Amino acid sequence: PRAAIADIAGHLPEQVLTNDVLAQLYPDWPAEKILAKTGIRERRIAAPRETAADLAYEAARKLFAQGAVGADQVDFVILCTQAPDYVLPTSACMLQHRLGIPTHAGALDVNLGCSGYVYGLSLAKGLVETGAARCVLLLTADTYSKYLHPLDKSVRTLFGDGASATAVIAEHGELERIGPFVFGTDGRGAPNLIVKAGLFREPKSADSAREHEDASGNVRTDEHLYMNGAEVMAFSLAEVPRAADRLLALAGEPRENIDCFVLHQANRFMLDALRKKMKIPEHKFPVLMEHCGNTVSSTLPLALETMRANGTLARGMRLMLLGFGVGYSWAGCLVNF
Amino acid sequence: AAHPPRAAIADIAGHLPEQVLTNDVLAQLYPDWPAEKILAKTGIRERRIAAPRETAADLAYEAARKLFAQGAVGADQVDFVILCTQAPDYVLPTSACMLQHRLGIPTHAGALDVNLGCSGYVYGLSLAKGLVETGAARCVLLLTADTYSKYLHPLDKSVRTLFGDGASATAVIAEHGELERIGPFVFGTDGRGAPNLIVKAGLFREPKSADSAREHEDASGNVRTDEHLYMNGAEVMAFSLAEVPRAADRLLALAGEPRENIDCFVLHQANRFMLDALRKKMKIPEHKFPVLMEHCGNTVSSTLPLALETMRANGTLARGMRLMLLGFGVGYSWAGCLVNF
């Protein structure tokens, strides 16, 4: 049995964070400058008590209307998120019931960020190709908005909330539909993208709530996300092209045979810099986050969904998916869609 | 000619923290619960407790160190890390990413955390088998670690007599042979069980509030707040008696495996009362049904690997033995698999 991506559905929340609203709040960053630097026109923001699991539920509901998978067919749920409902129970467990998925389905949460979709795909494929599941519902959902400091311009210009639902199912055929994979993990990158306080390394205290303004005027606490953009970019340029070359070597595949290199949609500056260093033509390199921003684990499936809708992704197309970010963590895989 | 890669358990190592919470100390804290009564009801004499700033990942780190010291695998061979925990270091980044680095594991290793509880090990095994047998990894380091102690209310007798902290490291490697060494699996999830085993407040569904810090006393005189673990023992027990025997039956049927061919039924080591009820309902003989948590208590995802480690230490687990592993708990979530050790 060969694992294949059967179908994808995305969901973005209602509230829009526009560049014009960010410009009102940050004088030094007008709409044209934010767009110039990031390529992001707007991000969607989850309602105040709307969680990542809620966005994933909506994504799954949308998926289940499309004609490839429904609740009754799901026999494993993987929720990739970095904003779960509880420390316990597992958010995927409640999504199982909420979606009407059968009680004989597996369910678990995975904590990864912008690498999470590719990793999720490797788990789903492992489950399908070992006969542990015939239909893995891979969910990604994030609400980074809930831990961005209001005066942290660097992250509020980038991050949007969102979710996706992908069905990975047992198919039969001669071609590998998902894989092979290359993985990466480098925990030295931890301090460059981190919410330091609020779980078990550092519980919340008087100190963790203490605000602190950086060189660029960005205010933060240990309870909010800290992103070292310069470090993350350095990491990305160092590791992603490397992983792409290694993945091609692993697969015995010339780079000309790849129809599309779909990268985690970090922002237009990062993607341009990666595209240039990777020598990939723009027509093989979608940049599709203008209206949703960086949705963390959902960037890839949202991109793929858009590509299907706009006619640029069709069955039999040879893709490279590349996810990279917080951890540090990164992963790539080939897909024969 | 050549045999496909088979995921097998190369080795297991456990780590428990230093501090011991004994029945005698519990009997001082809860005057109406003498040591002998705690023992009769739970079959647990001691639990280990993580130091105040020691996290589950820290415990996992030491389990992994001990595993490499046992010599079946080394850090340099690890190409994937799965940490199963419900007390991670941060909301982000992933605690597995930091363990990768701390353990000196190569950066081409995959790493991720899984949130599950007492079902976690069997689920973990399914993921590790998936990675190994699809060729995505040759040596998956499956870590379990929990520090439930950190969210037990001091006056919640029900949970404090049960739970211990701990971790384990399992090396799941590619063997090559005729026998499926890990699998098949049966899975279960039932989110209706959510309210019966839960830490309500502190993450994104219910942020901490004035009310979540308010203590309340329940029907049994146990005190907690919504920021602490709530466990409805009655419901969890009823769930366990309903699903675990069904899961076991379902698994054997799926595997075409007669019940008699299982050498050992290794169940999540919830406590003696639960395990006794399950053994009797499942009609399994005592010698095929280890109860091995007297000195560590219920260590959540680590119950199974710690039990397996103990069986190896005392010579009741050997290569070639046919096991059923059953994990079941918070979620609700449960899972079973067969193992040819």
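As deposited, the entry is annotated with X-ray crystallography as its determination method and 2.10 Å as its resolution.

Caption draft 1: Inspection of the overall build of chain B at higher detail. Assigned secondary structure in chain B consists of 9 helices and 15 strands. On C-alpha atoms alone, chain B measures out to a radius of gyration of 19 Å, which is about the 20 Å that the 2.2 N^0.38 rule sets for 341 residues. C-alpha extents for chain B along the principal axes are approximately 65 × 45 × 35 Å. Counting only contacts in chain B whose residues sit at least 6 apart along the sequence, the fraction spanning at least 24 positions is 78%.

Caption draft 2: Quick peek at the domain arrangement of chain B. Residues and elements named next belong to chain B. What the domain assignment lists for chain B is domain 1 (1-180) and domain 2 (181-341). Here the C-alpha centroids of domain 1 and domain 2 sit 15 Å apart. Listed as interface residues are 59 residues of domain 1 and, on the opposing side, 57 residues of domain 2. Broken down by secondary-structure element, the contributors of at least two residues to the side of domain 1 that touches domain 2 are strand 1 (5-15), helix 2 (35-42), strand 3 (46-49), helix 3 (56-70), helix 5 (120-133), strand 6 (139-146), helix 6 (157-160) and strand 7 (166-176). Take the side of domain 1 that touches domain 2: its biggest share by element is 10 residues, from strand 1.

Caption draft 3: Layout of the packing of aromatic side chains. In this structure the tally under the stated criterion is 18 aromatic pairs over all chains. Residues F76 of chain A and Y123 of chain B carry aromatic rings whose centres are separated by 5.8 Å and whose planes lie at 70° to one another, so their mutual orientation is edge-to-face. Of this pair, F76 of chain A sits in strand 4 (residues 76-81) while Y123 of chain B sits in helix 5, placing the two residues on different chains. When the centroid spacing of 5.1 Å and the interplanar angle of 85° are considered together, the rings of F76 of chain A and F187 of chain B count as edge-to-face. Residue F76 of chain A is found in strand 4, and its partner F187 of chain B is found in strand 8 (residues 182-189); the two belong to separate chains. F187 of chain B matches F76 of chain A in its accessibility class, with the two residues each being buried. By way of ring pairs, the aromatic residues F76 of chain A together with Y123, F185 and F187 of chain B are connected into one cluster. A cation sits over an aromatic face here: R319 of chain B above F341 of chain B, 4.2 Å from the ring centre.

Caption draft 4: Here's a closer look at the interface of chain B and chain A. Chain B puts 63 residues into the contact, and the matching count from chain A is 61 residues. At the level of secondary structure, the elements contributing two or more residues to the side of chain B that touches chain A comprise helix 4 (95-102), strand 5 (110-115), helix 5, strand 8, strand 9 (197-199) and strand 15 (333-340) of chain B. By residue number, the principal contributor to the side of chain B that touches chain A is helix 5 of chain B, which donates 7 residues. Here the side of chain B that touches chain A is composed, by residue class, of 32 nonpolar, 17 polar and 14 charged. Where strand 5 (residues 106-111) of chain A meets strand 5 of chain B, 3 bridges bridge the pair, whose relative direction is antiparallel. Considered in strand 5 of chain B, the bridge of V110 of chain A is made with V114 of chain B.

Caption draft 5: Representation of the domain arrangement of chain A in the model. Residues and elements named next belong to chain A. Assigned domains within chain A: domain 1 (1-176) and domain 2 (177-337). Distance between the C-alpha centres of domain 1 and domain 2: 14 Å. Breaking the side of domain 1 that touches domain 2 down by element, the ones donating at least two residues are strand 1 (2-11), helix 2 (31-38), strand 3 (42-45), helix 5 (116-129), strand 6 (135-142), helix 6 (153-156) and strand 7 (162-171). At 9 residues, the largest contribution of residues to the side of domain 1 that touches domain 2 is made by strand 1. Looking at side-chain class alone, the side of domain 1 that touches domain 2 contains 27 nonpolar, 16 polar and 14 charged residues.

Caption draft 6: Fine view of the sheet that holds strand 4 of chain A. Sheet architecture is open: 10 strands sit in the order 1(A)-7(A)-6(A)-4(A)-5(A)-5(B)-4(B)-6(B)-7(B)-1(B), paired in mixed fashion. Among the strands making up the open sheet, the edge pair consists of strand 1 of chain A together with strand 1 of chain B. Here the strands of the sheet are splayed against their neighbours by 25° on average, with no regard to which way each runs. Note: strand 6 of chain A against strand 7 of chain A, 8 bridges, orientation antiparallel. The residue of strand 7 of chain A that forms the bridge with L137 of chain A is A167 of chain A. Sheet strands touched by helix 4 (residues 91-98) of chain A: strand 4, strand 5 and strand 6 of chain A. Its angle to strand 5 of chain A, the strand with the most contacts, is close to 140°.

Caption draft 7: Spatial organisation of the pattern of salt bridges. Considering all chains together, one arrives at 31 salt bridges over all chains under this definition. For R308 of chain A, the salt bridge identified is with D7 of chain A, shortest N-O distance 2.8 Å. Note that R308 of chain A is positioned in helix 9 (residues 299-309) and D7 of chain A in strand 1, a separation of 301 residues in sequence. Residue classification places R308 of chain A among the partly exposed positions, given a relative accessible area of 30%. For the salt bridge of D89 of chain B with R201 of chain A, the shortest nitrogen-to-oxygen distance reads 2.8 Å. With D89 of chain B in the loop between strand 4 (80-85) and helix 4 and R201 of chain A in the loop between strand 9 (193-195) and strand 10 (212-213), the pair connects residues from two separate chains. Within the structure, one salt-bridge network assembled from shared partners comprises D54, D85 and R98 of chain A together with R205 of chain B.

What counts and how
- Residues numbered from 1 in each chain as written, not as in the entry; some residues may be left out.
- Chains lettered and ligands numbered in written order.
- Heavy atoms only, no water.
- Residues with missing side-chain atoms left out of burial classes, pairs and counts.
- Helix = DSSP H or I, 4+ residues; strand = E, 2+ residues; numbered from the N terminus.
- Rg over C-alpha atoms; globule rule 2.2 N^0.38 Å.
- Contact = heavy atoms within 4.5 Å.
- Domains from an automatic or database assignment.
- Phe/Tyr/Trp six-rings, centres within 6.5 Å; stacked < 30°, edge-to-face > 60°.
- Buried < 20%, exposed > 50% of the residue type's maximum accessible area, 1.4 Å probe, protein only.
- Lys NZ or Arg CZ within 6 Å of the ring centre and 35° of its normal.
- Nonpolar A, V, L, I, M, F, W, Y, C, P; charged D, E, K, R; others polar.
- Pairing = 2+ DSSP bridges.
- Axes fitted to C-alpha atoms, helices over the stretch in contact; angles between N-to-C directions.
- Salt bridge = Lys/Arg side-chain N within 4 Å of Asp/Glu carboxyl O.

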